[PDB]
Amino acid sequence: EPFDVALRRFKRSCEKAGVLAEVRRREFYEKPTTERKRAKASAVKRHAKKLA
Amino acid sequence: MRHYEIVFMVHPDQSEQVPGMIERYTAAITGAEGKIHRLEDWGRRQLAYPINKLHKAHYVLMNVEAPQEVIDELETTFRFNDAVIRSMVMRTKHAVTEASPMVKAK
Amino acid sequence: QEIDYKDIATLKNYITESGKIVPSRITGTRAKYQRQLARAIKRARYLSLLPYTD
Amino acid sequence: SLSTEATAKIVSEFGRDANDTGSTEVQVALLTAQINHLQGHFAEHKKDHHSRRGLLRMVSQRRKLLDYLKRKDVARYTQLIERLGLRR
Amino acid sequence: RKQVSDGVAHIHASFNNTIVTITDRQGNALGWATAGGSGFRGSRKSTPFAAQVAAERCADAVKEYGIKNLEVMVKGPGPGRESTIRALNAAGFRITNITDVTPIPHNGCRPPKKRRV
RNA sequence: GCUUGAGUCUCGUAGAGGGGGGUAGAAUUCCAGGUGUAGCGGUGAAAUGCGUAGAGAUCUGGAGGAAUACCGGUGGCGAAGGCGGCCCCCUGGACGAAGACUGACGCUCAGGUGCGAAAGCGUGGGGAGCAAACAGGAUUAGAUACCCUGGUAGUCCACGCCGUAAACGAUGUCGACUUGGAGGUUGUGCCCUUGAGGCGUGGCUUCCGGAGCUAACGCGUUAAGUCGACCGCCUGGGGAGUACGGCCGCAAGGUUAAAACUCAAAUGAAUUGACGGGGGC
Ligand SMILES: NC(=O)OC[C@@H](O)C[C@H](NC(=O)[C@H]1NCCC[C@H]1O)C(=O)N[C@@H](Cc1c[nH]cn1)C(=O)N[C@H](C(=O)O)[C@H](O)c1c[nH]c(Cl)n1
Ligand SMILES: [K+]
Ligand SMILES: [K+]
Ligand SMILES: [K+]
Ligand SMILES: [K+]
Ligand SMILES: [K+]
Ligand SMILES: [K+]
Ligand SMILES: [K+]
Ligand SMILES: [K+]
Ligand SMILES: [K+]
Ligand SMILES: [K+]
Ligand SMILES: [K+]
Ligand SMILES: [K+]
Ligand SMILES: [K+]
Ligand SMILES: [Mg+2]
Ligand SMILES: [Mg+2]
Ligand SMILES: [Mg+2]
Ligand SMILES: [Mg+2]
Ligand SMILES: [Mg+2]
Ligand SMILES: [Mg+2]
Ligand SMILES: [Mg+2]
Ligand SMILES: [Mg+2]
Ligand SMILES: [Mg+2]
Ligand SMILES: [Mg+2]
Ligand SMILES: [Mg+2]
Ligand SMILES: [Mg+2]
Ligand SMILES: [Mg+2]
Ligand SMILES: [Mg+2]
Ligand SMILES: [Mg+2]
Ligand SMILES: [Mg+2]
Ligand SMILES: [Mg+2]
Ligand SMILES: [Mg+2]
Ligand SMILES: [Mg+2]
Ligand SMILES: [Mg+2]
Ligand SMILES: [Mg+2]
Ligand SMILES: [Mg+2]
Ligand SMILES: [Mg+2]
Ligand SMILES: [Mg+2]
C-alpha cells in the first residue's frame with residue numbers, strides 16, 4: 001500500500017467523521033437562545049431555498 | 001403481573017459458577033410463582049470496549065414474569081455479587097419466549 | 001415488529017464505523033422506527049454489544 | 001391509577017346496575033377513590049407539581065358533581081356523602 | 001540507545017502550535033520537537049511550514065533509534081495535521097497505520113465564553 | 001323530560017410530561033508513577049503566566065464534579081415557566097376505535113388560591129469546568145472596557161424564600177361558521193398478497209395563499225375574517241410604574257398607584273433619497 005493513498009483515505013475518513021467541525025463548534029460556549037436562533041435561521045433558509 | 005427481561009454479564013473466570021447462578025435466580029422467581037419464559041446462556045463473547053480492564057465476559061439472558069419484590073432482591077444480589085460486572089433489568093409489554101438472535105445465529 | 005437491541009446485525013446498518021448513529025435523512029427510516037433504533041443502539045452500547053466510539 | 005377490578009367493584013357498589021358507570025354517585029365514588037389513592041403518592045413526592053395539577057382537577061370535578069347532586073335532590077346527596085365520608 | 005523498529009508518532013496540532021513526538025509502542029516517549037522549538041517564535045509557529053520543520057527536527061532527534069515503521073496518530077484541529085504527516089514520509093519512515101484521535105467531550109464541560117472581537 | 005354540550009367506564013397508542021432512586025461512556029481538571037527535554041501558553045502584535053525543583057507532549061492508574069457527541073428534526077410532551085444518555089419505581093395529561101352509562105351536571109370570572117426562567121436571599125453540603133467582583137498584562141490620549149493570564153461569589157444538591165423577564169405568537173378564554181395548495185407527526189377503517197402499497201377518516205403541528213379584514217406591514221379554517229359569552233386592559237409625550245399610604249418580603253425589592261409641573265408633540269407603518277467600519281456583481 002502506497003503512503004499517499006493511505007493519506008487521502010485518512011483525510012476522507014476524517015472529513016466524513018466530522019470531528020474537526022465538532023471541535024471548532026465546541027471551542028467556545030454558545031448560549032441556548034443563540035443556538036436556537038441559529039437553528040431556526042438555518043431552517044428558514046433551507047425552506048425558502050428548497051422552495052426557490 | 002409484570003414481565004421483565006434480565007441480561008447480566010459475569011467475569012469469565014467465574015463462568016463455571018454461571019450454571020450455578022442461573023439456578024438460584026430461577027429458584028427465587030418460581031419461588032414467587034413466576035414463570036421463566038426464556039433462558040439463554042450464550043457466553044464467552046468479546047466485548048466492544050473493555051470493562052474493568054477485561055476484554056470478554058459471560059452473558060446470560062432471562063425473560064421472566066414476576067412481582068416487583070423478587071425483581072428488586074435479584075437486583076441487589078447482582079449489585080453485591082462481585083462476579084457480575086454488568087446487569088440490566090428491563091420491562092416488557094408481554095411474555096416473550098422465542099429464541100433470541102444471539103442463539104438463533106448459532 | 002419491535003426493533004430488538006440484542007439483534008446486533010441489523011443495528012450495525014444504522015451506525016457509522018466510528019459508532020455514531022446515522023441520521024434518518026440518510027437511511028430513509030420512519031421517525032418512529034428511528035426513535036426505536038436510537039433507543040436500541042444506546043441499550044446495546046450499555047451492554048458492550050456495540051462500541052460507543054472507535 | 002385504580003386497577004380495573006377496583007373500578008369495576010366501585011361501579012357495582014354505587015351504581016344501580018353493573019353497567020351504570022355514568023351516574024353521579026359512581027363518578028363521585030371513583031373520584032374519591034382516586035384522590036385517596038393519590039394521597040400517599042403526594043405524601044412521598046411533595047414537589048410533583050405536575051401530577052398535583054391532575055389531582056386538583058379531580059378535586060374540582062368532585063366538587064362540581066356534588067354540587068349538581070345536592071341541587072338535583074338532597075336525599076341521594078346526603079346518603080352518598082355519608083357513605084363516602086365527605087365533610088361537604 | 002536501543003533500537004525500536006515499530007514506533008508511534010503523536011501529532012498535537014493546536015490552532016497556535018504544532019508538537020510532534022515519536023514514542024515507542026508502549027507510550028514511552030523517545031523524541032519530540034515543536035514548531036516554536038524549531039526556531040519559529042510567535043504567530044509564525046502557527047504556519048504549516050513550521051510544522052514540516054518540526055517534523056524534520058523530530059526525525060533528526062530520533063535517528064539514533066532504529067525506527068523505520070511509524071504508526072501515526074494526530075490530535076487537534078490546527079494547521080499542522082497534513083503538512084507534518086507529509087514530512088515524515090520525506091524523512092523516510094515507513095508509515096504502517098495512521099489513525100485520528102481527537103477529544104470529543106460528548107457534552108461534558110462548559111467551554112470558555114465567546115471572544116467579542 | 002331529552003341527548004346533540006359536559007362528563008364516566010371498557011381497549012389501545014405515541015410522548016425530553018412530572019417526582020424518586022440507580023447506572024454508563026466521552027471529555028476537562030487534579031493527584032501518583034513511567035518515558036523524555038527546552039520550551040509551553042497566549043495575541044492583531046505582544047506581554048503577564050507556567051517550565052530544568054523537569055513543564056508542555058505521551059502512557060498507566062486513581063479521585064472528583066458537572067453535563068449528556070451522534071440520534072436530533074420547521075420533531076415530540078407540558079397550562080405556562082419549561083422538559084434531552086440508559087434502567088427501574090411512583091405518577092399526571094392527551095389522542096383514537098367501538099359500545100355502554102349520566103342527563104345541561106356548562107362557559108367565563110372581580111376578590112381568592114396555586115404554579116412560575118435566570119439572577120438574588122437564608123441554612124447546610126459540594127465545588128471539575130466556567131465565571132460577575134477583583135488582580136495583573138496589553139490597547140488607548142484616557143480604557144475605569146472590548147483582548148490576554150488568573151480568579152471569588154455564583155453556577156450543582158437539600159430544604160425554605162423571592163414572584164420578576166422582549167415570562168413573546170409583543171395576539172385572553174370558550175363556542176359556531178367561512179374557498180384552496182404543499183408538508184411534518186401520531187392514531188384508526190376498508191382494500192393490491194400483505195410487510196412495502198391504494199383509497200378514506202380523527203388529533204396536533206409548519207409554510208404559502210383566496211375572499212374578507214387592516215393605516216400599512218401583514219393575518220388569512222391554528223384569523224388579525226363573520227359572530228356570540230365573560231374577563232383583563234387603554235385614553236397625548238414626559239414627570240412615572242415614580243412619590244405617599246397599604247399589603248407582601250430576611251433583604252434586594254415586588255404589588256396597588258397619584259399630583260404639581262412642562263411641551264406640542266411623542267408615536268406606528270410605508271415612500272424617495274442619502275449614508276453604513278452591510279452584501280453582491
Ligand atoms: N482607543 C482605544 O482604546 O484603542 C484604540 C482602538 O481603536 C483599537 C481597536 N480596538 C478594537 O478594535 C477592539 N475591538 C474588540 C476586541 C478588542 C479590541 O481590538 C483596534 O484597532 N484593534 C485592532 C488591534 C489593535 C491594533 N492596535 C491596537 N489594537 C484589531 O485587530 N481590531 C479588530 C477589528 O477592528 O476588526 C478586532 O476587533 C480584533 C481582532 N482581534 C482583536 Cl484582540 N480585536
Ligand atoms: K406516563
Ligand atoms: K335517561
Ligand atoms: K477564566
Ligand atoms: K484613540
Ligand atoms: K470559584
Ligand atoms: K426575585
Ligand atoms: K418568542
Ligand atoms: K394527519
Ligand atoms: K392515515
Ligand atoms: K402598501
Ligand atoms: K380574564
Ligand atoms: K400632561
Ligand atoms: K439578605
Ligand atoms: Mg381520569
Ligand atoms: Mg493563533
Ligand atoms: Mg481564549
Ligand atoms: Mg419522562
Ligand atoms: Mg425519570
Ligand atoms: Mg512527569
Ligand atoms: Mg384575578
Ligand atoms: Mg438559580
Ligand atoms: Mg445559595
Ligand atoms: Mg454555601
Ligand atoms: Mg476574563
Ligand atoms: Mg484590569
Ligand atoms: Mg494603561
Ligand atoms: Mg450578596
Ligand atoms: Mg410584567
Ligand atoms: Mg420563553
Ligand atoms: Mg404583555
Ligand atoms: Mg402541544
Ligand atoms: Mg399567509
Ligand atoms: Mg379573530
Ligand atoms: Mg387589527
Ligand atoms: Mg415601585
Ligand atoms: Mg421593574
Ligand atoms: Mg409601595
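Worth knowing before you read on, the calculation uses all heavy atoms, side chains too, and leaves out hydrogens, waters and symmetry mates. In what follows, chains carry the letters A, B, and so on, assigned in the order in which the sequence lines appear, proteins first and then strands, with residues in each chain numbered from 1.
Looking at heavy-atom distances under 4.0 Å, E44(D) makes no contact with the nucleic acid at all. Within the nucleic acid shown, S24(C) comes within 4.0 Å of sugar-phosphate atoms alone, with no base atom in reach, counting heavy atoms only. Backbone-only engagement by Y4(B) is indicated by non-hydrogen atom pairs under 4.0 Å involving sugar-phosphate atoms exclusively. Within 4.0 Å (heavy atoms only), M58(D) reaches sugar-phosphate atoms of the nucleic acid but no base atom. Among the heavy atoms of the strands lying under 4.0 Å from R30(C) are primed sugar atoms or P, OP1, OP2 only; no base atom is included.
One finds a side-chain N or O of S43(E) lying less than 4.0 angstrom from the OP1 or OP2 phosphate oxygen of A45(F). Between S1(D) and the phosphate of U91(F), there is a side-chain N or O to OP1/OP2 separation shorter than 4.0 Å. The side chain of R41(E) contributes no N or O atom lying less than 4.0 Å from OP1 or OP2 of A46(F). Residue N107(E) places none of its side-chain N or O atoms closer than 4.0 Å to OP1 or OP2 of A27(F). For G17(F), neither phosphate oxygen OP1 nor OP2 lies less than 4.0 angstrom from any side-chain nitrogen or oxygen of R53(D). Close to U23(F), at under 4.0 Å from its OP1 or OP2, lies a side-chain N or O of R79(B). At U58(F), none of the side-chain N or O atoms of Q26(E) fall inside 4.0 Å of OP1 or OP2 (strictly under the cut-off). OP1 and OP2 of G106(F) both lie 4.0 Å or more from every side-chain N or O belonging to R71(D). Note on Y68(D): a side-chain N or O is less than 4.0 Å away from OP1 or OP2 of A104(F). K46(D) has no side-chain polar atom (N or O) that falls below the 4.0 Å cut-off from OP1 or OP2 of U91(F). For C90(F), the OP1/OP2 oxygens have a side-chain nitrogen or oxygen of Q68(B) closer than 4.0 Å. For the OP1/OP2 pair of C11(F) and a distance below 4.0 Å, the side-chain nitrogens and oxygens of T4(D) include at least one atom meeting the criterion. Within the structure, a side-chain polar atom (N or O) of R39(C) is placed less than 4.0 Å from OP1 or OP2 of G15(F). Between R115(E) and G44(F), a side-chain N or O to OP1/OP2 separation shorter than 4.0 Å is present.
Side-chain atoms of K45(E) stay outside donor-acceptor range of the base of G39(F), with no qualifying N/O pair under 3.5 Å. A donor and an acceptor atom sit less than 3.5 Å apart, one in the side chain of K42(C) and one in the base of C71(F). A donor-acceptor contact under 3.5 angstrom links the side-chain atoms of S51(D) to the base of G17(F). In this model, no side-chain donor or acceptor of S23(D) finds a partner on the base of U102(F) within 3.5 Å.
Figure legend: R86(B) and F8(B) shown without cation-pi pairing, the cationic atom not lying both under 6.0 angstrom from the six-membered ring centre and within 45 degrees of its axis.
Adjacent nucleotides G5(F) and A6(F) meet the stacking criterion of ring centres closer than 5.5 angstrom and planes inclined by less than 30 degrees.
Here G212(F) sits opposite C219(F) as a true base pair, Watson-Crick or G-U wobble, both distances under 3.5 Å. A Watson-Crick or G-U wobble pair links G154(F) with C130(F), both defining distances under 3.5 Å. Between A145(F) and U201(F), neither a Watson-Crick nor a G-U wobble pair is formed under the 3.5 Å criterion for both distances. Here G122(F) is matched with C159(F) as a Watson-Crick or G-U wobble partner, both contacts being under 3.5 Å.
The nearest whole Å value for the distance from the CD atom in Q39(D) to the P atom in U91(F) is 13 Å. Rounded to a whole Å, the CD atom of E30(A) is 19 Å from the P atom of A67(F). In this structure, CZ of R44(E) is placed 8 Å from P of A46(F), rounded to the nearest angstrom. Per the geometry, CG belonging to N28(E) stands 10 Å off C1' belonging to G36(F), to the nearest Å.
At a threshold of 4.0 Å, the pair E30(A)-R110(E) does not count as salt-bridged, since none of the basic side-chain nitrogens sits closer than that to a carboxylate oxygen. A salt bridge does not link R57(E) with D60(E): every distance from a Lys NZ or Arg NE/NH1/NH2 to an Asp or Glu carboxylate oxygen is 4.0 Å or more. Comment: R26(A) engages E22(A) in a salt bridge, judged by a side-chain N to carboxylate O separation of less than 4.0 angstrom. Contact check on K16(A) versus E17(C) returns no salt bridge, with no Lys/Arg side-chain nitrogen under 4.0 Å from an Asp/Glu carboxylate oxygen. Contact check on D100(E) versus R81(E) returns a salt bridge, with a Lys/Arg side-chain nitrogen under 4.0 Å from an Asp/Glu carboxylate oxygen. Using a 4.0 Å cut-off between a side-chain N of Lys or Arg and a carboxylate O of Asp or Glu, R1(E) and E64(E) do not qualify as a salt bridge.
Map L51(A) and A31(C) each onto its nearest nucleotide of RNA chain F; the residue landing nearer the 5' end is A31(C). In terms of position on RNA chain F, the residue among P51(C) and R16(D) whose nearest nucleotide sits closer to the 5' end is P51(C).
Base pairing of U68(F): its partner is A24(F), meeting the Watson-Crick or G-U wobble criterion (both donor-acceptor distances under 3.5 Å). Pair assignment for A38(F): none, as no Watson-Crick or G-U wobble contacts are both less than 3.5 Å. Under the Watson-Crick and G-U wobble criteria, each requiring two contacts below 3.5 Å, nucleotide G126(F) is left unpaired. Pairing of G279(F), defined by two Watson-Crick or G-U wobble distances under 3.5 Å, is not identified with any nucleotide. The partner of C95(F), taking Watson-Crick or G-U wobble pairs whose two distances both stay under 3.5 Å, is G12(F).
Glycosidic conformation of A257(F): anti, with the torsion beyond 90° of 0.
Ring centers of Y5(C) and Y46(C): at least 6.0 Å apart, outside the cut-off.
Here the side chains of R62(D) and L86(D) are in contact, with some heavy-atom distance below 4.5 Å.
The P atoms of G78(F) and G187(F) are separated by 15 Å, rounded to the nearest whole Å.
Pucker check on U179(F): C1'-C2'-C3'-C4' positive, sugar north.
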